[PDB]
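Visitor: pasting the structure only:
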Ligand SMILES: CCCCNc1cc(C)nc2nc(Nc3cc(Cl)ccc3C)nn12
């Protein structure tokens, strides 16, 4: 249930 | 400037349980942490699927300390590399992207102790992680100190209490926010007599005896996290251990085992100055 982290880090 | 928290020591404010630690210098059953109470706490986050891997700690603007078994453990086919992970610093909430507060960093290189013993008892369960670029410190991000021989000698004693933090399991549901618990260091003999596992000098155990009434322990998800103590000499926080392993969580007659950070400091220095 983790919140989407910015794609800039992925 | 390590070990002095922006929201506490630097403002001369005490957190609600540090007095318990100082008074002894003669996560299961823990409580919610206060904001900025452990600015060195790091979360190891897996990219795909998005998930919490382990705890870790910030020891400088470029390095993170954690347990080797969080990255490499052949028995469960666990073998992560730089690009499989993300390091999240300055957090409080386990699942939310705390915008404007936390910092997410990429890894440049992972260093596992050459003699880490995953085959038998997790001896030398320690690893360093070099971030791609320095993290800027703030009210919620600040490194913890590594012990010097003297500090280690006077604080690492049976009866003395340390503090463990983590987002791991609350029972052998996960917490909403960082949890904290203060535990007493246990005499080597008692540690040895509580398990079948061969215990080495690079470990120490902590927890309350079944008769002491109080309880608490680390659990799955907490591994790699810091066991810290506050020095009564210079008021700074020092990381004395790394959450390593335990047989179950908060079981009576059982204790958590931690990697003895000072015993491996030579390797830590070696890796740091030889690589940045
Ligand atoms: C030497 C074998 C120990 C078996 N228990 C294990 C095995 C492995 C691989 N990883 C493990 N991580 C943990 N977490 C942990 C740490 C403490 Cl401080 C207390 C209770 C637990 C849960 N326990 N644990």
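Guide: That came in fine, so what should we check first? Numbers count the residues shown, from 1 in each chain, chains lettered A, B, ... in the order given.
Visitor: quick check: residue B:50 touching residue A:2?
Guide: Yes. In this structure, residue B:50 sits in contact with residue A:2. The criterion is CB atoms under 8 Å, and the distance is 4.6 Å. Every C-beta, even on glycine, is put in place using the N, C-alpha and C of the backbone.
Visitor: next up, the contacts around residue B:180.
Guide: Contacts of residue B:180 were listed using CB atoms under 8 Å, 6 or more residues apart in numbering or on different chains, and they are B:17, B:27, B:30, B:31, B:32, B:33, B:37, B:38, B:163, B:164, B:165.
Visitor: now the spatially closest residue to the fourth one that is not a sequence neighbour: which helix or strand?
Guide: Spelled out, it's residue B:31. In space, residue B:31 comes closest to residue B:180 once its chain neighbours are excluded; the distance is 6.1 Å by CB to CB, 6 or more residues apart in numbering or on different chains. Secondary structure assigned from DSSP states H and E places residue B:180 in strand B:179-186.
Visitor: for burial, what's the neighbour tally of the residue in chain A positioned nearest to the ligand?
Guide: For chain A, the residue closest to the ligand is residue A:2, as judged by CB to the nearest ligand atom, at 20.5 Å. Burial of residue A:2, expressed as a neighbour count using other CB atoms under 10 Å in any protein chain shown, amounts to 14.
Visitor: any idea how far residue B:249 is from it?
Guide: In this structure, residue A:2 lies at 22 Å from residue B:249, with CB to CB, to the nearest Å as the measure.
Visitor: swap in residue B:46?
Guide: The value you get for residue B:46 to residue B:249, if CB to CB is used, is 22 Å.
Visitor: of the two, which one has the most company?
Guide: residue B:249 (21 against 15).
Visitor: okay, which residue is most central for the chain?
Guide: You didn't say which chain, so I picked chain A. The centre of chain A sits closest to residue A:5, judged by CA atoms, centre = their mean, with a distance of 1.6 Å.
Visitor: that's the wrong chain, I meant chain B
Guide: Compute the mean C-alpha point of chain B, and by CA atoms, centre = their mean the closest residue is residue B:226, 1.5 Å away.
Visitor: just list the residues touching it, thanks.
Guide: With contacts defined as CB under 8 Å, 6+ apart, residue B:226 is in contact with B:38, B:40-41, B:55-57, B:65, B:144, B:164-165, B:239, B:241-243.
Visitor: and for residue B:132?
Guide: The neighbours of residue B:132, taking CB under 8 Å, 6+ apart as the test, are B:105, B:106, B:107, B:108.
Visitor: thinking again about what came up before, what residues are shared contacts of residue B:50 and residue A:2?
Guide: Counting by CB under 8 Å, 6+ apart, no residue touches both residue B:50 and residue A:2.
Visitor: host element of residue B:43?
Guide: Under DSSP H and E, the secondary-structure element containing residue B:43 is strand B:41-46.
Visitor: got the angle between that strand and strand B:179-186?
Guide: Using axes from the mean of the first three to the mean of the last three CA atoms, to 10 degrees, the interaxial angle of strand B:41-46 with respect to strand B:179-186 works out to 110 degrees.
Visitor: the stretch 151-276 of chain B: strands as residue ranges?
Guide: Secondary structure of the stretch 151-276 of chain B (DSSP state E, counting those that start in this stretch): strands at B:161-166, B:179-186, B:203-206, B:226-230, B:237-245, B:256-260.
Visitor: swap that for chain A, sorry
Guide: If you assign secondary structure with DSSP state E, chain A ends up with no strands.
Visitor: I appreciate the help and will end here.
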